[PDB]
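Student: Before anything else, here's the structure in question.
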Amino acid sequence: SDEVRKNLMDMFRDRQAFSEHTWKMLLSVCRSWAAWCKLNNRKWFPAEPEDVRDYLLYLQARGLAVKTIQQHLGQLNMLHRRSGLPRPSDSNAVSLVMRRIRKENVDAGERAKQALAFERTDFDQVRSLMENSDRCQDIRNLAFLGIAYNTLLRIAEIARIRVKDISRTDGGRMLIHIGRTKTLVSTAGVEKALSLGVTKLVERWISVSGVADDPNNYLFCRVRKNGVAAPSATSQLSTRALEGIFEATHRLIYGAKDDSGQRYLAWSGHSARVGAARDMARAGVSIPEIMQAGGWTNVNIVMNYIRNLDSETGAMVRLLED
Amino acid sequence: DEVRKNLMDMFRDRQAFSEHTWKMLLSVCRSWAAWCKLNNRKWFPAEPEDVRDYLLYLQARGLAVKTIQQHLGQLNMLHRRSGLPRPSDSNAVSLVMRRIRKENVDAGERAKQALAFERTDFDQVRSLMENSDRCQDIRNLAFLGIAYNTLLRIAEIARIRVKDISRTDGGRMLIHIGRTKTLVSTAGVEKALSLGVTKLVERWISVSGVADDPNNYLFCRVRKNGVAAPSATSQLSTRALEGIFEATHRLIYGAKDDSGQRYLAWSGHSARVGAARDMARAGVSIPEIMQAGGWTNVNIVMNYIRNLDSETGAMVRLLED
Amino acid sequence: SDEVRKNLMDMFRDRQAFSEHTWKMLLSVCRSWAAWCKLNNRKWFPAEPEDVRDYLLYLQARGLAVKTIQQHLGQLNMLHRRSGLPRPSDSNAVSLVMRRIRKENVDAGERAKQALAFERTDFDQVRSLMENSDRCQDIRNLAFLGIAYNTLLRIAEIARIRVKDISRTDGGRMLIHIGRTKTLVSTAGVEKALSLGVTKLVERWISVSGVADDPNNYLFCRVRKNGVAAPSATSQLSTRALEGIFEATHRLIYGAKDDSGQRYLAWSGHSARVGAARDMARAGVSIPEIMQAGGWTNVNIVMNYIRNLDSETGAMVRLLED
Amino acid sequence: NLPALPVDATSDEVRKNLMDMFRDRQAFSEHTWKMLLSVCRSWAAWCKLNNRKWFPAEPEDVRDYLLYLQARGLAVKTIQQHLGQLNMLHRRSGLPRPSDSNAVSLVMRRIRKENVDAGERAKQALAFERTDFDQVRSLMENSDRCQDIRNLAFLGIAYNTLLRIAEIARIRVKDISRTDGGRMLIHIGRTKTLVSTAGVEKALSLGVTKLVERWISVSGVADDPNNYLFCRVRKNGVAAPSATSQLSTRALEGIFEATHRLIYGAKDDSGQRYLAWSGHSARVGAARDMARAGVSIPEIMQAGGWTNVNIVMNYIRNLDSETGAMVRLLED
DNA sequence: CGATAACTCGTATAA
DNA sequence: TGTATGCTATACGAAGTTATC
DNA sequence: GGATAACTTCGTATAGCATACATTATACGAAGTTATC
DNA sequence: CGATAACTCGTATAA
DNA sequence: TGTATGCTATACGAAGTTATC
DNA sequence: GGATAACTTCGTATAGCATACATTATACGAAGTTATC
Ligand SMILES: [Mg+2]
Ligand SMILES: [Mg+2]
Ligand SMILES: [Mg+2]
Ligand SMILES: [Mg+2]
Ligand SMILES: [Mg+2]
Ligand SMILES: [Mg+2]
Ligand SMILES: [Mg+2]
């Protein structure tokens, strides 16, 4: 069609309207839908309802996670709607098998995993264990954790903090100003305040590294084997790295992780996030207050992030034991 | 013509719904059809004008609002899954439905909920049944101890099975809740019996000896003698477990009226409702509660504790200062 | 047209799918529109932009309130859309004129009046002054006024309260149950609980009048010259009545409604709502707690119910004088 | 008024509609027409300079144009303003609007993102809090210059009532009444909305009254009740009452600028906005003072006329009373 | 009986 | 009274006015 | 005549909000209507 | 001059 | 990462069952 | 033999609760890169 090739053409020219992470996944599900589609002798676009339904099932057979099967059907979907042609999920065949796959796989004993938690308990420990270090590497990481725990920001949002983004409350606490996050991109921003405790842990790392040199510097940066922080203002620390700072401080206190190859065996990016999220509910904070700390818009999600207490647990058990 | 194809695919993957949905899908299609041949109307495809006369009918028969909607609901799905117009996209249907809802709620119809099986009740049922011996009066006190200690649905309480059970060095059981019923389980992946409730559950495990095979289901049938008949193929039915509540409630307040009101005696939910209500009384924050049960909206939990003294209101607090 | 005679029919057919006063007012408008339409030689249906406009213009001349003209324009649009036609407020002309008529009025001086407040301080007065009487109607009127300011319910709702609707908390506080209000209609409904002191003034009138001999008995009912009750289950006390009860009680203390033809010169239906709303505001109750105490689902209405403290006022004044 | 809805360009009924919108012009705010005209004017010149057709607008061009503004360095709220007016021009004349088409829509979304990442961020008024009133008051309360007396009256009334500046330049004497307590009370007719969410009267404190009464008896504005409360004052320190001409908003914004220039000195040399008090400084200030002294968000919002928490919060966001919950936990 | 306390209708305006 | 982005103010540098130094 | 305090007007850049939609309630003086007195 | 500390990319899966 | 509404699950009188009493 | 106790299985009437839609982000092992030891 003329129109379909213009709609598509329109999109690529403004591809940056979408998240780079969206492109990465569109191209991956695309080349993966193309491969199969070829080694089966089928047309890959516009996608025929029946052929996709098949594909989805091959993905079930491959033993892939539900949510991965989704994302695939999902990117095939955007690719179309954006082209202005009806989507695969617009046919009963795709629409249903998808639910089936979501049903079958659920009972086979499959649910969604979620990051190991990094709670206050753990903060106090790691803090007191590296509180007294004098090394740049440590001084930093003990500041990256306090922020992550206190502000509940995602790791990417943190890699982005620039020094000119920090200001102070009158009483002393710090204030980071966050602009773009996973679900809000505006000029009004939002101010996430650290505490007095963490404020000092950032402060120590600020001087000990020297980044307050150019306000346009990113607050966090590399520290090479020689122990010297190498500030910058064009390249930020990869998320892969902050992810690393987690794994490490757990391969510190508890060393070597399993040979299971299972996911979330040690701390990762979301840990502090789900961590504080727990400690709050447990401390009895209101629903709205938890929503602000997290940056969530509805009970629906806050509610998700809770899997809660276990050992003796809490709630009922604490109630039964008079 | 084409619809017949949609219909076959609609079936090819019948797996896409709960066995429990199909039941009502047929149960209603059955009823709709019955009404059609008796008044002279084609039951499929449905024509608004007709559906409307049918809906206004279920009102007369006295069926409650929330039901008329399940009828209408089901009808819709039947047409949508077939390239066809639902009946609710028609101007006449949606028009009467509003008529009916306002007419019924106005005529004084009301929605009810389970009778609450609070702690006060678990304590009074623990006594007279505590020092029993009968291989049943044991299984019953253990099932109840669980229903209140986990706000697990009666259906999940069936599927539980030995393997699933394990222990915490605290000395309290901890039922692994494998095979949830939602991809993202807002309820845990591990419920944990208290201290007493554990002990009470152990008793029934030895006596019944479901223990042997781990695939066996924790609870089971118990014949007129007083002996457990373990098994790992058939689970102790939903109906069964409901009755267990029905009994205990008959054993303390006699039997039901002559009337037909529902919730005249504890049923499956009784457990949760009580649990909820009590945590409220204590001081547990709504999120903790919402989580302990496994809830996601919040109205439903407020629905339960709406009549406590704490959740009275702000004007009250203002008048009593 | 042919269809339009159907749509209009279906409509009149299940006319019970709309409120009483919706239809009441719909006709009343077509009866003003049809009028002006005859005497001016203009078709009345389908209404032509210009015509509607000339009319909306007329009403502004006849001195009507913005809010009123808006009702006329509104009813006119329901009839057209509900019958399958484009709305007259769909034409660049009707809408711009409607927007103009407001702007001009507001910019002149017009503003929207609101019920005279019946604060917590008006309760206490009306109480020690009727608290001791033994009359059959002074006992009623004081419960109503109690349930009114205490529950915030709208009079039409109050009228509908049947005895089988009341239940009790263990603390012993009546707890009325409403199911149909201006904003929502369902089987779930909400449960307004009364204070202790006020649940008492009800436990009274229930007895003294004994409307409690048949459940399906409206908690509130007429009194007669002789001071005798008069229960029912097929006749609710008139809303027009409850509006009276307020005036009366206002007379009782402030004399006679001065003659100025103006509205809100003495207590009326909403006087309890605006009242309570304002007291809570002052007292310092939160937004989500006020919203709930009045059946509102959004900050922008609670806010709409306030035109706070006069004279020495509050806030800024209190703030500067301290 | 408009650019030049063409002899052959404005084709058909876009002429009908357009005529209509102009017939009922009083339907939009004066300040709205000002922008609409200003945007067409501005789009029109880029179209001449760049050789494009100015109306109806073609997407591919509106897009090239929005990417231009971005480059000129304009802000995102400014670019949406341009797109917005252009949209009305079209919709209010019958044609299908820009950003009703894939290209404009997408570009716009892209412009927004890019800009935020370059860390562009909104500024708000510099607060005129209560400790500023006090400092500014302990200084000009000893002056007898008639100007000063006027200004101090204004600053007082401004902080005390949280009224917009345009709203103040309309308060006319006949509007000032008295309270049994001896403190003025300003009725505020000619409000801003059918439903005046802020009130129908504002009461001045006892002290802010002493401050306004001394301007009233030195200017002589009482001579004619219809007179505006505030007015000019010339080279010679002499008042000049009127009932037809109100003081401009520009001038009130000037009283704020100068009152800041007085205490803190000449203004910094960059071109940044909000480097000295402006018309919103008091509303913003008062908002913070109320928060700091424990006042319910409803009570605050009504004091200002706000109706959307999202705003009065953007003022008191960096207060300590709002540091959040995770800070309360971490802090034993 | 007729005079009265105590209570359906249309238009205007707020929720 | 609840659900849908689009109108409507202020910011401020600079140029144009008008009565007093 | 000029120079100049103190404005008013302008025009473009940006912050701050406010209403259309689609019903559903109340306000209130006037008739109309029961059972008491 | 290696050896080593400390940091792109493709698929899978959560938010 | 959020939610109106479209699927899921319990309620329960009553009929079949299958081992004990 | 005949009468339960204790259950399964039904069908319809009602409560309860959670998803499709459209992006945007994190998990993590392997491979690559650059100062420094
Ligand atoms: Mg999907
Ligand atoms: Mg302007
Ligand atoms: Mg200051
Ligand atoms: Mg000045
Ligand atoms: Mg300053
Ligand atoms: Mg000058
Ligand atoms: Mg994949």
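Since chain A takes its numbers from Swiss-Prot, the residues it shows come out as 20-341.
According to its header, this structure was worked out by X-ray crystallography, 3.2 Å.
Using the three backbone atoms N, Cα and C, a Cβ is placed for every residue, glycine included.
Straight out of Swiss-Prot:
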DOMAIN    A:130-338  domain 'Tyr recombinase'
ACT_SITE  A:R173  active site
ACT_SITE  A:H289  active site
ACT_SITE  A:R292  active site
ACT_SITE  A:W315  active site
ACT_SITE  A:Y324  active site, O-(3'-phospho-DNA)-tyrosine intermediate
Student: Express the distance between the Cα positions of A:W315 (active site) and A:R292 (active site) as a whole number of Å.
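Tutor: That comes out at 12 Å between the alpha carbons.
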Student: Near A:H289 (active site), which residues of its own chain have a C-beta under 8 A away, given they sit six or more steps off in sequence?
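Tutor: A:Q133, A:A134, A:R173 - these are the non-local Cβ neighbours of A:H289 (active site), listed in sequence order.
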Student: When a 10 Å sphere is centred on the Cβ of A:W315 (active site), how many other Cβ atoms does it contain?
Tutor: 19
Student: Write down the Cα-Cα distance for A:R292 (active site) and A:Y324 (active site, O-(3'-phospho-DNA)-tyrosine intermediate), rounded and given in Å.
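Tutor: Given the Cα positions, A:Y324 (active site, O-(3'-phospho-DNA)-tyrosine intermediate) is 9 Å from A:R292 (active site).
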Student: Reduced to three states, what secondary structure does DSSP give A:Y324 (active site, O-(3'-phospho-DNA)-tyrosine intermediate)?
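Tutor: Looking at the DSSP assignment, A:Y324 (active site, O-(3'-phospho-DNA)-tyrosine intermediate) belongs to neither helix nor strand, so coil.
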Student: Determine the Cβ neighbour count for A:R292 (active site): the number of other Cβ atoms within 10 Å of its Cβ.
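Tutor: Within a 10 Å radius of the Cβ of A:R292 (active site) lie 22 other Cβ atoms.
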Student: Near the Cβ of A:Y324 (active site, O-(3'-phospho-DNA)-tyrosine intermediate), how many other Cβ atoms are there if near means within 10 Å?
Tutor: 22
